[PDB]
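The form deposited in one PDB entry is given below as one chain in structure tokens.
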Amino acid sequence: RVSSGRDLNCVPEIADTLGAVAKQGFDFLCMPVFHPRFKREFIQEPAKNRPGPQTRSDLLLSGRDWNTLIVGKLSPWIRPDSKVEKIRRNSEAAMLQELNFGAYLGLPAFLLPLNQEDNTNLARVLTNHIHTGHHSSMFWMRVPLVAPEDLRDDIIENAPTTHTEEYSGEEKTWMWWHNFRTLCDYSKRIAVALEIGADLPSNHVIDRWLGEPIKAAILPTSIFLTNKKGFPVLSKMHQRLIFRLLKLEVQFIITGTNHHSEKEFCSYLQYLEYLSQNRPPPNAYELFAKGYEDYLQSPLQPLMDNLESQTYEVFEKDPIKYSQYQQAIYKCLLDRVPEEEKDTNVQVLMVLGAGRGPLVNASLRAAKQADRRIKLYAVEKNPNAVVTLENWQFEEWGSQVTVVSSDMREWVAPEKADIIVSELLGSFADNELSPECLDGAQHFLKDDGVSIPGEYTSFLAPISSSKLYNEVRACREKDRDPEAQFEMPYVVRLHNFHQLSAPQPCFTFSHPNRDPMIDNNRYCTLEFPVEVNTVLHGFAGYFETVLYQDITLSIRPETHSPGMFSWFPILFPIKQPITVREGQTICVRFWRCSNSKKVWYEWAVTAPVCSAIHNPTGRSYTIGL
């Protein structure tokens, strides 16, 4: 199931054309709203007084058809950046006319070309149109992967084509788009329609378009190969790009006439549907996270807040996570109780933050497969979840489990524990104050006691994603700092983004913390070697943790626990994007700050440029103690 469209520059009759397009199997159509050759004068007589109609009648389609089937194309003669002044004036008026007519029709999207470097006036006219009534209509900027000048045949005798690698020159089309969308102040209505040439550029050019708002991919018929049967196919290099684009769920647009006239025209389309069915199906996790892709979420604060019922239900829907807990408890019980003492040695386990008791059941499963005796305490400060624990404790567990409705930092334990087990970790390891909670609970852990997890570590990596920067930018709220949305982290299933360097460790905590001078404040400096040209929009966060010995949990991509749904990455945005050239080092600083009431993070970029310090004094974001 691919959402494909057909691009046309010649429509004799809309009713006849649109029917033949849909019968071939397309979902929409790109066509001009005025005749492509119908040049129009707006200033000089006698041409300005040309009698109408100026284009087709809107009655030729239903309102629903204009809303869902037609994509408008700007007329190719409209050049608002021409060096001729008379041509600029006419183009400005014609662009406003064609755009306003598209808005009159309620078209879902409108196509504008980026085929040269200077589109400044084109940007101004479009920006003016956008600030004329609030609408949802999209603008697809048609931009080629490779500029036409850089793919022309080397047939001009006295002007040979460049045969030496121009690393930045081969990225020129991305600079066209970047300068255009920056002039337009990152308008959420302006997206990219990337056009795929017959010869693909280097990999660093395709990676340039990572994290960019690509809504459509334009595939000319002239890039398709012909197999033995005579049907259009693609090269293995082009197939590799299509697979990358299907992960972005872009819409594919077929342009150009039918060169394989021996076959019908839906043959190009059937090959896309063919490539679509052949790909690795959802691998449980991708099946679960699908829908949350690039969706910003406020990071849970299970200490300050009481989590709802269906939140716990989601926590309990990850068996791989808890079987890792069960194994960690299993290995720990064997190392503490020798075989000759399996009947006399009762180990005191304390779940610290039990929720609705998945760790409690994981503990009961561990002691059984290990054949050891355990005495369980289930500590949970959320009184609503304590209701679930106590119905569980009366109906099944029995006297073996003791529920304690209390904060682990204030609870006066009747005895000391051999093992404490906790699941207080967030996407950034310690962003839920697992260090502070386990510190207060430390006093009732035995001198040789074991904490599970034993230690955890947070990771950071600079990322590029103009899409995510826009979504953060769209999180302005009425009665707070207009920039506070950039000074707070977000839990998000990162998707359309570009990782600019390998993740590096940030903060580490160990439990039990035998140190006499406990201090959970941190200050860390990181230097990320960037080997590409890009724009820095923020830093992705992950974490690793050691449950016990070799049993671990990880959402860090290179060591991700295979098959685990739990914990999306965290996103630390920055107020202003930062240009980064190839070979430059991104230097970021992070602080974990705290007082008696709150813990928070502050961060700043120091290289290649300096950013402002973000979230100073927790003014925009604090984690409640």
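Residue numbers here begin at 1 and follow the sequence given. Heads up, when I say rigid core I mean the largest set of C-alphas that superpose within 1.5 Å between the two forms.
The form solved in complex with a small molecule is left out here; the points below concern that form.
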* Candidate site 140, 177 and 209: all three near the small molecule in the bound PDB entry by heavy atom within 4.5 Å -> no
* To do: Please check if residue 570 has a heavy atom lying within 4.5 Å of any heavy atom of the small molecule in the bound PDB entry.
  => yes
* Contact between residue 454 and the small molecule in the bound PDB entry at 4.5 Å, heavy atoms? -> no
* Asked: Any chance residue 460 has a heavy atom within 4.5 Å of the small molecule in the bound PDB entry?
  -> yes
* Quick one: is residue 432 in contact with the small molecule in the bound PDB entry, heavy atoms, 4.5 Å cut-off? -> yes
* Asked: Which residue among 507, 268, 469, 110 has a heavy atom within 4.5 angstroms of the small molecule in the bound PDB entry?
  -> 507
* Structure fact -> the small molecule in the bound PDB entry has a heavy atom of only one listed residue within 4.5 Å, and of 66, 600, 26, 590 that residue is 590
* In terms of non-hydrogen atoms within 4.5 angstroms, which of the given stretches 579-587, 26-34, 562-570, 45-53 touches the small molecule in the bound PDB entry? -> 562-570
* Relative to the superposed core, which single residue of 482, 133, 398, 281 shows a CA shift of 2 Å or more between this form and the one not shown? -> 281
* Asked: Comparing between this form and the one not shown on the rigid core, is the C-alpha shift at residue 429 2 Å or larger?
  -> yes
* Asked: Does superposing the core leave residue 200 with a CA shift of 2 Å or more between this form and the one not shown?
  -> no
* Taking the rigid core as reference, does residue 304 move its C-alpha 2 Å or further between this form and the one not shown? -> yes
* Structure fact -> Output row for the residue 385-residue 431 CA distance, |change| of 3 angstroms or more in the bound PDB entry, reads closer
* To do: Explain in one word, closer or farther, how the Cα atoms of residue 379 and residue 306 are placed in the bound PDB entry relative to this form, where the distance changes by 3 Å or more.
  => farther
